[PDB]
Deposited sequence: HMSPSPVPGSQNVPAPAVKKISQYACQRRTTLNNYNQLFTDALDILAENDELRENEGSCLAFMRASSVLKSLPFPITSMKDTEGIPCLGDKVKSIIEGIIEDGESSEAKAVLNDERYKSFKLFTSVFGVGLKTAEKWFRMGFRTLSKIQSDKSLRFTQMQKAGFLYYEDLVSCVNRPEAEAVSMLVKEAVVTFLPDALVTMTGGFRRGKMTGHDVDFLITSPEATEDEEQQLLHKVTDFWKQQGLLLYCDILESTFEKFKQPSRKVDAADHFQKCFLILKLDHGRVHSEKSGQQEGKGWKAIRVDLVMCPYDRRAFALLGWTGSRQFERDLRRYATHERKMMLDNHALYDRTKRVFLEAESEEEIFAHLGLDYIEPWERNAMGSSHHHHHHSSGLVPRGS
């Protein structure tokens, strides 16, 4: 059969046989994001995504025949890597002063594209020179980002993610004992590591007020217990009867919080001390019970899988999909789902397992 142009019609597992090509294409896509070239960024992301789905490594240009999303620019990059095992294009990006600075500065929690650009234009090149500067003013997010930098830059492993899951579940059930807590993001897709641990929380019997107060109760409990190192709660802007997003990259309107938690080493059951704890980035999302499948699907990712799911729904099925709902423009009805499988069925897609969504 023919490989689909949509990530939602491909099985993308963590055994990537084309890391030589995709690491180069991911660097080129990231540079186009920095250079504000959204179009070229998207073309490299789609090419990298399709190669990640292959069950074999590309070893000749003939191997690329019949593969979609491989334009002439991309094929030149693949050709170059086949030639000497390296990408001269990606090598130039890795040695570029702006690219190096952007990667380094945005590696700090609280620093995005605008602050990284600002510091570069000010002549900063190292985090040591930024942190020690007496004229710079930092946001509370950046202060936390610098204070817990070494812990946050070290990858969160599965024993740590599970230790955090235990803490989240223990805190949540204290206030809502019927609540369902699910680990989402990369770890749900089978990843060994991640930069953070994400969770979806839902309750079948909670009221609108109970739903709203849970993240405040849980974070106050952790603040009392001296485990809350950073906390930012974004209130819900969810609209029960609004049509799903038409945007390329849909925004999530559910109540959520961006945290840094103190994880004591005694809570981690691993193969393996220092201060005896590690700072961990944790995100919590609270959603209404009836929207739990849409939120789970959205938060499981990957970002490319989500983009293609929504693009397929729009272009192929005249349906509108987002983290909150699924709307059928032809039948003029919202479609209900109690599981991810039901969402895939509504869209006419064969079910793709979470570990097959690493697009």
TODO: Take the full deposited sequence, match it to the modelled residues, and report the stretches without C-alphas.
DONE: 1-18, 291-294, 382-400
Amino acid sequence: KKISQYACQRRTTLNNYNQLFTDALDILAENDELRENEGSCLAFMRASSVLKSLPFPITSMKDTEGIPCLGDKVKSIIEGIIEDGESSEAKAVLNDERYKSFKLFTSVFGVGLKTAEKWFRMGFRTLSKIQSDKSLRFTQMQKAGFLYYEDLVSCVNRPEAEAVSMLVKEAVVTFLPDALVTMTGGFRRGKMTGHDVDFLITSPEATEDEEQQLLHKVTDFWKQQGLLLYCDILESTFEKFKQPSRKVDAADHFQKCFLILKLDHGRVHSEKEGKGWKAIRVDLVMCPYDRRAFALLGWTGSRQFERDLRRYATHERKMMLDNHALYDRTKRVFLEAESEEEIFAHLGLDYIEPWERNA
From here on, numbers count along this sequence of modelled residues.
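Rigid core: the largest C-alpha set superposing within 1.5 Å between the two forms.
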TODO: Determine, for 309-317 and 29-37, which one has C-alphas that on average lie farther from this form in 4 other deposited structures of this protein; superpose on the rigid core first.
DONE: 29-37
Task: Between stretches 127-135 and 192-200, more displaced by Cα RMS in 4 other deposited structures of this protein (rigid core superposition) - done: 127-135
Open item on the list: One third of the other compared structures is the cut-off here: is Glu273 left unmodelled in that many or more?
Closed with: yes
Task: Of 78-86 and 188-196, the one with larger mean CA B-factor - done: 78-86
TODO: Using the B-factors recorded in the PDB entry, average over the C-alpha atoms of 99-107 and of 238-246, then report which stretch comes out higher.
DONE: 238-246
Task: Of the residues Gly123, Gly112, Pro177, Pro159, the one carrying the largest Cα B-factor as recorded - done: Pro177
Open item on the list: Looking at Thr182, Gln213, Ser203, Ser128, which one carries the largest C-alpha B-factor according to the PDB entry?
Closed with: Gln213
Task: Third of chain Cα B-factors occupied by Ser49 - done: lowest
TODO: Place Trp119 in the lowest, middle or highest third of its chain's C-alpha B-factors, as listed in the PDB entry.
DONE: lowest
Open item on the list: Split into thirds by Cα B-factor across the chain's modelled residues, where does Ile3 land: lowest, middle or highest?
Closed with: highest
Open item on the list: Splitting the chain's C-alpha B-factors into thirds, which one does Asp32 fall into?
Closed with: highest
Task: B-factor third for the C-alpha atom of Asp322 within its chain - done: lowest
